[PDB]
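See structure below.
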Amino acid sequence: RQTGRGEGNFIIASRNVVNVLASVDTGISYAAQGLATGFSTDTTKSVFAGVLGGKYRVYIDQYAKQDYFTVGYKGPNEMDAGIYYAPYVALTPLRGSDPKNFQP
Amino acid sequence: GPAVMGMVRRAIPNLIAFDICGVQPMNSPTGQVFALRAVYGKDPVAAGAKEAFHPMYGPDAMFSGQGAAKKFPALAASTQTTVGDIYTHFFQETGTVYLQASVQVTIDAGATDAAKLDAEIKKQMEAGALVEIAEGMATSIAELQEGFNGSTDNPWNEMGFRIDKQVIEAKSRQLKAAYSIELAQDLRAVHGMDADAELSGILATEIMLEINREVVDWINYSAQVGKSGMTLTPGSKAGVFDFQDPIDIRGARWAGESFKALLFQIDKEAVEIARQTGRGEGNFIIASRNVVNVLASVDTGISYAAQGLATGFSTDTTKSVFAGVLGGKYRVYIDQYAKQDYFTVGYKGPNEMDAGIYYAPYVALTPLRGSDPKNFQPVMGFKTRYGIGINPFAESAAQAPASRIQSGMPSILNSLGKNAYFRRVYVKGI
Amino acid sequence: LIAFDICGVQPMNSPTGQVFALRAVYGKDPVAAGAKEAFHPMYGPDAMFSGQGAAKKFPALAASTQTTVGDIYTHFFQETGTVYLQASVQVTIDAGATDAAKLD
Amino acid sequence: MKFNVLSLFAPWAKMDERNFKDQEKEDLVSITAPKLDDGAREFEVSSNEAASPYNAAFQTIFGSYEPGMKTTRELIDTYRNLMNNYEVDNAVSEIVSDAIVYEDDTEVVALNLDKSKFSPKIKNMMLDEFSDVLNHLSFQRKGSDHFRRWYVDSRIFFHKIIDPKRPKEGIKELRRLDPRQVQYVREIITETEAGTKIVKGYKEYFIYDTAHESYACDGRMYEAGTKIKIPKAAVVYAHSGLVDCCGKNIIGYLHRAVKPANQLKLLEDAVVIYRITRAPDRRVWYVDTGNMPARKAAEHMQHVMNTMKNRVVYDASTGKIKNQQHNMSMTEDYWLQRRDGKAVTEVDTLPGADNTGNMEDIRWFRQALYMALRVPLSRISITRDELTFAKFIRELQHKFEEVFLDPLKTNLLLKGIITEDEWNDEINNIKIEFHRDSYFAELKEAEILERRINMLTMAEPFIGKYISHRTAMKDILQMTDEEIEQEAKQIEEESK
Amino acid sequence: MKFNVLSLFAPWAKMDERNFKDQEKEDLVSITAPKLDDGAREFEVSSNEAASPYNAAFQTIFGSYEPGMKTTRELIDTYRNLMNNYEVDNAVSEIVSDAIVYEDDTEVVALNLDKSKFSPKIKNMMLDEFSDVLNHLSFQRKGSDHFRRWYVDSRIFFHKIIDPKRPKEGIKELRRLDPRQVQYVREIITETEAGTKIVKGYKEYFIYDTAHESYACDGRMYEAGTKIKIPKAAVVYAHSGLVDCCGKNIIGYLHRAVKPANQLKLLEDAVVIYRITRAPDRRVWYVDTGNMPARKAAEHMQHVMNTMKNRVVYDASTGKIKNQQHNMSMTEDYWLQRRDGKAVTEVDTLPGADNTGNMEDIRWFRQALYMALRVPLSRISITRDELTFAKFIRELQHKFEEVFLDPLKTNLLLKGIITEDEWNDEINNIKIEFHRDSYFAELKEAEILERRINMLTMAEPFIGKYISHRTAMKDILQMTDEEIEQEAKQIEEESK
């Protein structure tokens, strides 16, 4: 409603939130919980857990200070993101020495 | 070019076109539609004339029958019945009813408005005091109809019909850009814009958006309010459906079972529409994005209970406005600009003249171009003309219009809150 | 990390580059107080702008005013914006209302 | 037909409507881009069209004309401007001449039904219909002109006619349409979840809308007038499959020559003025007349001007110098008086129309142009260019040919001789053949035979050792086995 | 993960699902670099499933698609601008024509099958399907244009059709999608200790997109719009094996000619400009307007140019000079008044458009372009260069031809005629034969045959001493053992 470009398509949430998402069915069903077997919550291997309901990309905020989630929308156009990272200069190495004692 | 970072602009919202209304392409302005109203009582056009057929009224069960010979006493406030006799009453809804008195009782002497009288009569009916009845005419009477054997005052009841009509007229709308040369030139040098074409787009777009928005508003304007009358739960809030109030959800808790309550009411409203129009169960709903989010997240089929993510119907208003088909039965559109939260339902047939609401384009999006020599700045713009209208009988309450002719265009008097084809529901508590 | 999964990039070839934006505007003055953005996602279109809006004026509703049955008064909600309403009923609207929140 | 618009063409409307519906019935679906290969301009409509009557069609045309066909009209005028020049028009003449051969006591382009058809009776009916198309067009006398126009403007169009009182036998003479007046379009009659890939019968209609109210050339007193929408079935047309980088703005082969055609024209004129200018003598007098108002100084200026002016011309009608009798002096004695104390008054001469060429660039450009006009380099035996042009021409003929195939199936189908389904299965091959220059054909064939004879002659001494005579006929004389037997049988008869 | 596109793609998705399933069980793993030589662009993944409901896929697609197809567009639009030039067009025409030729009363490119089948019936089904594919492409009439686009635009692609309810009989003609509208991708669906080699099947799906919102040249109001993910199985495509120094930057054959074509035409214009500029005479009149206020000084200047200015023009429609009667003056006579005997004023002539060339660089560059375009030297028998060119042509054709194999195997699979393994076992060789110009083929065959005969003639004296007849036949006439026996038997019969 507030962008007119598309509905949220990615969820970023704490480890506890994803544990819940991973342990609830997402389709329309009578009831469902079980074990947290979907959307891998192991931050060791990734950040991305899975696609919620086949609709949203779920990532893990492994550093959330307390416990929250947030959602948002990213379009198929770098402008339609709101937020932009612009690497004019990036990961450029420095190499030299200080000749007085030649340490590198 | 200090590292230009591209540019942005707003997207254009989509429209529901005329998917749920008449389209009547025209090849002339001011068209007309007429109609036939089966009528009886020996004068097709008269005050008090009675229509032979109507979705909301019962037939006069004794018209060709015993009523041909005798008048029946009417029911009225404060009168007392006589057991075994038959009284007549025309209700505000359900129409002509003949009731035999099983008892000798009075009817609400304190009644005033017909609505109060109808209510007490309905109670007397429920009570078993008044019972629906009809019979043919004694044959010994029929035998001498048309003055045979010296008899008098014995004509047969007669029928016929009255043809009348309504007409429309097209109103128009136009916009200009009134832009400058220098701006267009700079834009060519910034983004490579034509800066006339973009404006052309904007103007044409705005016009189309307004028209479609106008149709939706006319739908809302003429639609009757639902959860009322025959579709009302007596302990309810009159026209509004909640989730925070057990009366509308039959005590539900547990969304998997609670949300289905709305679907139930939707069917009731769609059915009542058929009752109002005589054509068929409503086949389309337009609703707030919040309503749709609920619909898309509940199993709308028949099952024990079920809840999940809102994946059943597109819910965006960024690709489309058409969400999908509810239960395989109703076309679901999203009111992307709903003022509060609610949903209108209605019925549109295969016959373009069977819609309640009609759109009838004659002139559309004619471009105009030139420039003013005083400064030679360009002028550009677009013009459209169409007109809309409403179904004869859309009101349904009246069996016929005044003077055998009327505007077919909507107005307050003609249709605000009256249209048989659509019903409004207010939604709260999501 | 998922550092760039949902952000735009639009890398610069200079520091401190610039981005442009285009806003459709109606009401005879692209830059003015009260000017309206034609396709703002939060507000409906002015359905009368190309039609009756150029035919006659539509006084706005205001606290303490009263309608005449059959006339039309306008307003713009803070959310959903522009509206025109017919006076189906002769009513007055909260003479004690001040801020738009109360009037809306 | 929602409304009977231009009922004059209702029979054509019926044909297009029929085809449109049949296309809708068929599963001509699951196609990403509009199923349009070449031809007329594309346009999109809503699901269930929502873009009718013809007034909507006019919206299409404006959008497709204002920024679109108006350019196309310029291109048409350009082709004429190109052809109006020499070293251009003659290329066209050569092409037209090769494209359609006209010879005495023989045939002209003709339908040749030598492949399977239902029966000889049907074939004969088809052959008669073909002939009538040519008769309608007076092709055997005006075919050169029909083709020339097609080639030059890259498009030919003819309005078809149905009686309509007894439409069954309705095709009568075809009428060429005026260039630049009509736009053709194909609308996508469909919409889905953002990007329909389903069936549309595409309308295939066109609109005429010119007026002599605004001239491309004066002297014209008739035009199309308002916007007239007529069904595709109503016309016969063809064009080359040549377009710009985008859109459907059709160009001709000659488009390639526009650049150099004008570079040459431009150089030719530049050369002419370079040499013409300064051919006469040239001199500027400077007179030292100061301290006078113009009203006084003018007398002194006239004193010199009317004495030093050799008031004569060269008579270019008859090569003489006007009033110059006798024909030429041995000298021209001039004089001037000076007023100041320094030799300032004088007459300067200007340098004259000398000759600095080296006139070779114009030659290079002319050669490039001639080539650009799609011509053999053999022009200002049998070679590759000639073979190449034979191929260019058969393609031009192959495409042009639709000019006959179209009205042929139209009248055959209209009468009912054949059906639509049969046409589609039959062609394949309902080919129309163009006559070939018999003179050159004979020469080509003769050279082929000479080579075949020479190779046979060379093989001769080895026929009974290594190369069977059957084989020599098969590979050297390039004969089939049936042909070999036929020659053997005819020889036996000759011998008796 | 899930199917989330228009249902029309469902059967293609099913094919893709099966192919991917084969990738899941594929043991072609433990591979360092993506298993692909050309075409599709590589992408990383967020998981071992790389799940995406056809929409989320576009996060990374956009990243690599910008400029993406836009640089493809720069190249292709350039290639078209290149092709549009005369003496470029011809290179393309000759190459394309030699790859695809048409002849009278014969066939066109055809499937040539010589490997074992379960039945001749199967062979026939393949040949029949091949014919329908040609009919679908209308190859027999338009095949050379499809090729041209492949050659020039560097790539070509088409959208395949399925019913889809009765997919077995839904096979219909291919919609050529316009160039610049696609780009192919591939995903790394697996990971290890930073940079795995395991199960990255990659899928190899592709994106279609038409951003017609850019400058709408000639009224480009509509085109397909925003990018969509396609199942791959649905597209017939091909491209040249030509790339830039890295990535997947695919270029056309014509790429090499881009440079010289542009500098050539720029130089041709430089030549024309040099000779048009200064073409007329040229001179500056200097006027002494001293002792006057500037506001009036200008009037003296205006007066003098009004009486001195050579207001004479050349008519380019008719070679005459406007209003200069009589036909030719003897001289251009001009008088200037000086304000004293002081030469303040003057007439300063300027250099003209002299014939400086020596137009030699253009010749250099034109020849360079002709070669850049892969034109054989004899243009503007079997020889090393004609042969090299012929090698080029068949190599192009043997890449292009995939266009008829892809829909062929597809149809055969749909009909239950051949399995995927059987298809892969058959080819190997199910090659497609193209026709050649019999004129030239006949000449080429005579070449060498002439030599063989002369060699036998010379060898002859040793036929009874050093060379057996079998030897002469196999070593001079280059006959096979079978061929020799056959020729011997045919001769024995012919004896009588």
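FYI, nothing fancy with the structure tokens labels: chains A, B, ... in order, residues from 1 per chain, ligands from 1 as they appear.
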Report as a compact mmCIF listing (two decimals) with C-alpha atoms, in the first residue's frame all protein, DNA and RNA residues lying within 12 Å of residue 346 of chain D, evaluated on only C-alpha atoms, omitting residues in the same chain fewer than 5 positions from it.
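And here is the file that came out, around.txt:
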```txt
# COMPACT_ATOMS: atom_id res chain seq x y z
CA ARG D 283 37.15 42.77 -61.34
CA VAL D 284 36.59 45.22 -58.47
CA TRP D 285 37.30 48.90 -58.84
CA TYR D 286 38.39 50.98 -55.84
CA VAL D 287 37.87 54.74 -56.29
CA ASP D 288 39.56 57.44 -54.10
CA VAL D 304 34.00 55.59 -63.88
CA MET D 308 34.84 51.09 -67.58
CA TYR D 334 41.01 50.90 -70.16
CA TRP D 335 41.78 54.06 -68.21
CA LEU D 336 41.47 55.66 -64.78
CA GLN D 337 42.38 59.03 -63.26
CA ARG D 338 43.57 59.36 -59.64
CA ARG D 339 42.79 62.31 -57.28
CA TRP E 335 32.65 49.19 -57.74
CA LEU E 336 33.60 50.29 -54.28
CA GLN E 337 33.96 53.83 -53.10
CA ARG E 338 36.81 54.42 -50.71
CA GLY E 341 42.93 57.47 -51.16
CA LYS E 342 43.55 55.08 -48.25
CA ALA E 343 43.11 51.32 -48.66
CA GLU E 346 39.25 45.39 -49.75
```
Exercise answer, chain D residues close to chain E, 7 Å and only C-alpha atoms, as a VMD selection string: chain D and resid 27 30 to 33 35 43 to 44 63 to 64 67 to 68 195 245 247 256 267 269 to 270 273 to 274 277 280 to 290 309 312 to 316 340 344 to 345 356 to 359 361 372 458 to 459 464 466 to 468
Quick one: write out the picked residues with N, CA and C atoms as a compact mmCIF listing (two decimals), in the first residue's frame?
```txt
# COMPACT_ATOMS: atom_id res chain seq x y z
N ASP D 27 -6.45 -23.34 -30.83
CA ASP D 27 -5.56 -23.05 -29.72
C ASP D 27 -4.26 -22.37 -30.13
N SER D 30 -0.26 -19.64 -25.99
CA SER D 30 1.00 -19.88 -25.29
C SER D 30 2.19 -19.31 -26.04
N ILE D 31 1.98 -18.11 -26.55
CA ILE D 31 2.93 -17.34 -27.33
C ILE D 31 3.38 -16.03 -26.65
N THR D 32 4.65 -15.94 -26.25
CA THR D 32 5.18 -14.77 -25.53
C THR D 32 5.08 -13.42 -26.23
N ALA D 33 5.52 -13.36 -27.48
CA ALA D 33 5.50 -12.11 -28.21
C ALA D 33 4.34 -12.19 -29.19
N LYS D 35 2.11 -12.86 -32.19
CA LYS D 35 2.51 -13.71 -33.31
C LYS D 35 2.40 -13.00 -34.64
N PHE D 43 -0.37 -3.23 -31.99
CA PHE D 43 -1.02 -2.41 -30.95
C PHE D 43 -1.72 -3.29 -29.92
N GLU D 44 -1.75 -2.93 -28.64
CA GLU D 44 -2.45 -3.78 -27.68
C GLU D 44 -3.79 -3.21 -27.20
N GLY D 63 -2.00 7.26 -32.43
CA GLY D 63 -0.77 6.85 -31.77
C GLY D 63 0.22 6.22 -32.74
N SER D 64 -0.30 5.53 -33.75
CA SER D 64 0.48 4.86 -34.78
C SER D 64 0.83 5.74 -36.00
N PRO D 67 3.54 9.88 -34.43
CA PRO D 67 4.94 9.52 -34.31
C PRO D 67 5.37 8.34 -35.20
N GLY D 68 4.49 7.85 -36.06
CA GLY D 68 4.70 6.58 -36.76
C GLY D 68 4.61 6.70 -38.28
N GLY D 195 0.80 -9.70 -19.04
CA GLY D 195 1.62 -10.23 -20.13
C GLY D 195 1.05 -11.41 -20.90
N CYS D 245 15.28 -0.80 -37.45
CA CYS D 245 15.74 -1.43 -36.22
C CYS D 245 14.63 -1.78 -35.23
N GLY D 247 9.93 -1.44 -34.71
CA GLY D 247 8.63 -1.10 -35.26
C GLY D 247 8.37 -1.87 -36.54
N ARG D 256 18.89 1.70 -49.20
CA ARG D 256 20.32 1.61 -49.04
C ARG D 256 21.04 2.62 -49.92
N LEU D 267 27.59 16.12 -54.79
CA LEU D 267 28.88 16.32 -55.43
C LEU D 267 28.74 16.83 -56.85
N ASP D 269 26.44 18.70 -58.20
CA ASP D 269 26.09 20.10 -58.20
C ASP D 269 27.23 20.94 -57.69
N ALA D 270 27.96 20.44 -56.70
CA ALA D 270 29.10 21.17 -56.18
C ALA D 270 30.14 21.36 -57.27
N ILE D 273 28.91 24.02 -59.74
CA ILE D 273 29.08 25.41 -59.38
C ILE D 273 30.55 25.80 -59.24
N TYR D 274 31.42 24.87 -58.82
CA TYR D 274 32.85 25.11 -58.67
C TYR D 274 33.44 25.62 -59.97
N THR D 277 31.16 29.07 -61.57
CA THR D 277 31.46 30.29 -60.90
C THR D 277 32.82 30.73 -61.35
N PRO D 280 33.47 33.94 -66.19
CA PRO D 280 33.49 35.27 -66.81
C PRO D 280 34.68 36.02 -66.26
N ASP D 281 34.92 37.25 -66.69
CA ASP D 281 36.02 37.89 -66.01
C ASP D 281 35.50 38.35 -64.69
N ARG D 282 36.38 38.92 -63.90
CA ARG D 282 35.97 39.39 -62.60
C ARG D 282 36.85 40.51 -62.14
N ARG D 283 36.27 41.65 -61.76
CA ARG D 283 37.15 42.77 -61.34
C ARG D 283 36.42 43.75 -60.41
N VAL D 284 37.12 44.24 -59.39
CA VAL D 284 36.59 45.22 -58.47
C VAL D 284 37.37 46.51 -58.54
N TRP D 285 36.67 47.60 -58.78
CA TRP D 285 37.30 48.90 -58.84
C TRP D 285 37.22 49.55 -57.49
N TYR D 286 38.31 50.23 -57.12
CA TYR D 286 38.39 50.98 -55.84
C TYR D 286 38.66 52.45 -56.18
N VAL D 287 37.70 53.34 -55.92
CA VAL D 287 37.87 54.74 -56.29
C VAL D 287 38.09 55.70 -55.11
N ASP D 288 39.18 56.49 -55.17
CA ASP D 288 39.56 57.44 -54.10
C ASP D 288 38.77 58.75 -54.07
N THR D 289 37.46 58.64 -53.88
CA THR D 289 36.61 59.83 -53.83
C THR D 289 36.16 60.15 -52.41
N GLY D 290 36.84 61.11 -51.78
CA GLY D 290 36.50 61.46 -50.41
C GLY D 290 35.97 62.88 -50.34
N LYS D 309 32.74 49.88 -67.72
CA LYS D 309 31.92 48.68 -67.71
C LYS D 309 31.78 48.12 -69.11
N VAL D 312 28.50 44.08 -72.08
CA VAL D 312 28.23 43.00 -73.01
C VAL D 312 28.03 41.65 -72.33
N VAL D 313 27.37 40.76 -73.06
CA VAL D 313 27.15 39.39 -72.66
C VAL D 313 27.53 38.42 -73.76
N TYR D 314 27.70 37.17 -73.37
CA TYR D 314 27.91 36.07 -74.28
C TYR D 314 26.57 35.49 -74.63
N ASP D 315 26.30 35.43 -75.90
CA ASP D 315 25.06 34.91 -76.39
C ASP D 315 25.18 33.42 -76.46
N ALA D 316 24.52 32.77 -75.52
CA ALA D 316 24.57 31.33 -75.41
C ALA D 316 23.55 30.66 -76.34
N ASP D 340 44.10 61.41 -55.40
CA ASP D 340 45.03 61.55 -54.28
C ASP D 340 46.45 61.55 -54.87
N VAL D 344 46.54 54.61 -55.20
CA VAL D 344 45.58 53.83 -54.43
C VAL D 344 44.40 53.36 -55.30
N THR D 345 43.83 54.25 -56.10
CA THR D 345 42.76 53.84 -57.01
C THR D 345 43.32 52.80 -57.94
N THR D 356 41.35 22.47 -61.44
CA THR D 356 42.20 21.84 -60.44
C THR D 356 42.07 20.31 -60.37
N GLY D 357 41.18 19.73 -61.19
CA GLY D 357 40.92 18.29 -61.15
C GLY D 357 41.92 17.48 -61.96
N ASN D 358 42.17 16.19 -61.62
CA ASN D 358 41.76 15.36 -60.47
C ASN D 358 40.27 15.20 -60.14
N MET D 359 39.41 15.14 -61.16
CA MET D 359 37.97 14.91 -60.87
C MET D 359 37.75 13.41 -60.67
N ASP D 361 36.60 11.87 -57.24
CA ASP D 361 35.81 11.41 -56.11
C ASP D 361 34.42 11.12 -56.56
N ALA D 372 24.81 0.35 -55.12
CA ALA D 372 23.82 0.53 -54.04
C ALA D 372 22.40 0.37 -54.49
N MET D 458 36.56 -35.77 -73.15
CA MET D 458 37.74 -36.15 -72.41
C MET D 458 37.64 -37.56 -71.85
N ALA D 459 36.48 -37.90 -71.30
CA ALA D 459 36.26 -39.23 -70.75
C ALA D 459 36.31 -40.32 -71.82
N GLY D 464 35.28 -47.58 -72.01
CA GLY D 464 35.26 -49.03 -71.98
C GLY D 464 36.22 -49.62 -70.95
N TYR D 466 37.18 -47.63 -67.56
CA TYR D 466 36.95 -47.20 -66.20
C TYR D 466 35.60 -46.56 -65.96
N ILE D 467 35.07 -45.87 -66.96
CA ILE D 467 33.84 -45.10 -66.77
C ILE D 467 32.72 -45.62 -67.64
N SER D 468 31.71 -46.25 -67.06
CA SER D 468 30.67 -46.80 -67.91
C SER D 468 29.96 -45.68 -68.66
```
If we count only C-alpha atoms and set the cut-off at 8 Å, which residues sit around segment 333-339 of chain B, ignoring sequence neighbours fewer than 2 positions away in its own chain? Please answer as an mmCIF file with C-alpha atoms, in the first residue's frame.
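Now in part.cif:
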```cif
data_model
loop_
_atom_site.group_PDB
_atom_site.id
_atom_site.type_symbol
_atom_site.label_atom_id
_atom_site.label_comp_id
_atom_site.auth_asym_id
_atom_site.auth_seq_id
_atom_site.Cartn_x
_atom_site.Cartn_y
_atom_site.Cartn_z
ATOM 1 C CA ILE B 16 -10.998 -3.374 -12.442
ATOM 2 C CA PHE B 284 -18.535 -10.797 -7.778
ATOM 3 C CA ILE B 285 -17.098 -9.075 -4.698
ATOM 4 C CA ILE B 286 -14.888 -6.083 -4.337
ATOM 5 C CA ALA B 287 -13.246 -5.573 -1.010
ATOM 6 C CA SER B 288 -10.603 -3.893 1.048
ATOM 7 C CA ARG B 289 -7.178 -5.388 0.923
ATOM 8 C CA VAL B 292 -9.008 -10.161 0.947
ATOM 9 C CA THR B 315 -3.545 -9.924 -2.669
ATOM 10 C CA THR B 317 -2.679 -4.055 -5.759
ATOM 11 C CA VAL B 321 -6.626 -5.617 -8.644
ATOM 12 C CA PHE B 322 -8.193 -8.901 -9.442
ATOM 13 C CA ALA B 323 -7.475 -11.316 -6.679
ATOM 14 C CA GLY B 324 -9.122 -14.413 -8.133
ATOM 15 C CA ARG B 331 -14.890 -12.721 -8.929
ATOM 16 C CA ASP B 341 -12.609 -1.546 5.557
ATOM 17 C CA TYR B 342 -15.565 -3.316 4.007
ATOM 18 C CA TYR C 43 -4.278 8.658 -1.757
ATOM 19 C CA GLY C 44 -7.093 8.007 -4.200
ATOM 20 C CA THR C 80 -6.702 7.697 1.771
#
```
Between atom CA of residue 60 of chain A and atom CA of residue 36 of chain A - distance in Å to one decimal: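 Distance between the two atoms: 14.3 Å.
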